[PDB]
Amino acid sequence: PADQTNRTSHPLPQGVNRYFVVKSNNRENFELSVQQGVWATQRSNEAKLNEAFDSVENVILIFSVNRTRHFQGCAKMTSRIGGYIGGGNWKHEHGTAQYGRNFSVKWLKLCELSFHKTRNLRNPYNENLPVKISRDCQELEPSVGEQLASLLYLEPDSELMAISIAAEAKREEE
RNA sequence: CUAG
């Protein structure tokens, strides 16, 4: 009874964060990311994630699979792109849009956040369009990013959350 | 990217 209420997701790190919407063409890659703690983006996006990674303590990546009408969670970018990381043999069609280098992520919160529920939120960095209209690695104006992440934390954990925590712990035993 |  001395034990604090134990938690099943990681809270949004405190401090000065930047926020990017990350898009996947398919669930398979997103699920692989969750099992392995790894992502890779399009080559053209790598310098901008590295610029964010160098600039602030936490780069928060809010994921959404194309066409699912939902956000699926948020991760912290935990390594700079460049440098061997490993994992992630990714699915893609006839070699097109071939992905860049794998980097580490830590899944903070996994859930299914409907776009309906984000419909009053717009992003000044993308012409004040609703945040659902976000290409891969579009930056969220940071006050809007913090609002969008806060909506994620209102949703119940999806089944992937515990999958993530388990995989994360397994990688920790070294 | 969102919509079909």
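Proteins get letters first, then strands, A, B, ... in listed order; numbering begins at 1 in each.
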For A:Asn126, answer base if it contacts any base atom (sugar-phosphate contacts may also be present), sugar-phosphate if it contacts only those atoms, and nothing otherwise; contact means non-hydrogen atoms under 4.0 Å.
nothing
What is the first contacted nucleotide of RNA chain B and what is the last, in 5' to 3' order, if contact means an atom lying under 4.0 angstrom from a heavy atom of chain A?
B:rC1 to B:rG4
Contact class for A:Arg67 (heavy atom, under 4.0 Å): base, sugar-phosphate, or nothing?
base
Within a radius of less than 6.0 Å around CG of A:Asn89, do more than 12 heavy atoms belonging to other residues, nucleotides or ligands occur?
no
Distance-only, no hydrogens or angles: does the A:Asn123 side chain make a donor-acceptor pair with backbone N or O of A:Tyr125 under 3.5 Å?
yes
Any side-chain donor paired with an acceptor under 3.5 Å for A:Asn126 and A:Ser134?
no
Hey, can you tell me if A:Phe115 and A:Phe71 have their rings parallel, tilted or perpendicular (30° and 60° cut-offs)?
perpendicular
Any side-chain heavy atom of A:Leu148 sitting closer than 4.5 Å to one from A:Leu113?
yes
The criterion is side-chain contact (heavy atoms from CB on, under 4.5 Å); which residues satisfy it with A:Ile165, sequence neighbours excluded?
A:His10, A:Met161, A:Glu168
A:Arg171 CZ: over 12 foreign heavy atoms closer than 6.0 Å:
yes
Looking at RNA chain B, which of residues 131-144 of chain A put a heavy atom within less than 4.0 Å of it?
A:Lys132, A:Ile133, A:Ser134, A:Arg135, A:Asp136
More than 12 heavy atoms from other groups under 6.0 Å of CD on A:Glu57
no
